[PDB]
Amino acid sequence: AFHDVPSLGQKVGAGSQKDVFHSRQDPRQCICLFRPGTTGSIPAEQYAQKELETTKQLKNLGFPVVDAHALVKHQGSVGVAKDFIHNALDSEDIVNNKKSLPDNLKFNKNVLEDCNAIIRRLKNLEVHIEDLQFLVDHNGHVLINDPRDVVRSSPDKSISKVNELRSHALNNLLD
């Protein structure tokens, strides 16, 4: 199920869970390989498969996602081939105040609206997304990234994760 990627492109970005490489096979894509210690006691192949399926379930349910395309391996590293989000902001940096949303108006409106849309869908479908996190693309659109699971459950936990990011955009638009 896991396809070999013979050569990685240039490394990009800075996420703690995966190291991300430009895909030498499709410049719209990137190769995202688990770093040591990031899959807990679950083997990395199972973890990658769970992320791919969950991304596709969320995509099918209408959520905005960092789409995932194929399970890959390179030497002994394991991961997923994914859409490459140029200049992505990692939601974790935002909420931990390691990076800030730009001042741009359109940018912040997009973060606000898309968060609202994600929250609206969480409520309607009543699902919980385990390890919910986001990438914000260069126009301010919010994309669910590397979801671990989705189950029919109380969406309150997931709604709280989204509002955590929305607050920043709301705060900017109020000032």
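Sequential numbering from 1, following the sequence displayed.
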Next on the checklist: Tell me which stretch has the larger mean Cα B-factor in this entry, 121-129 or 29-37.
Outcome noted: 121-129
Next on the checklist: Comparing average C-alpha B factors as deposited, tell me which of 82-90 and 95-103 sits higher.
Outcome noted: 95-103
Item to check | Modelled-residue ranking by C-alpha temperature factor, third containing residue 60 | outcome: middle
Next on the checklist: Based on the deposited C-alpha B factors for this chain, I'd like to know if residue 46 is in the lowest, middle or highest third.
Outcome noted: highest
Item to check | residue 152, C-alpha B-factor rank within chain (lowest, middle or highest third) | outcome: highest
Checklist outcome for this item: The third of the chain into which the C-alpha temperature factor of residue 165 falls is the middle
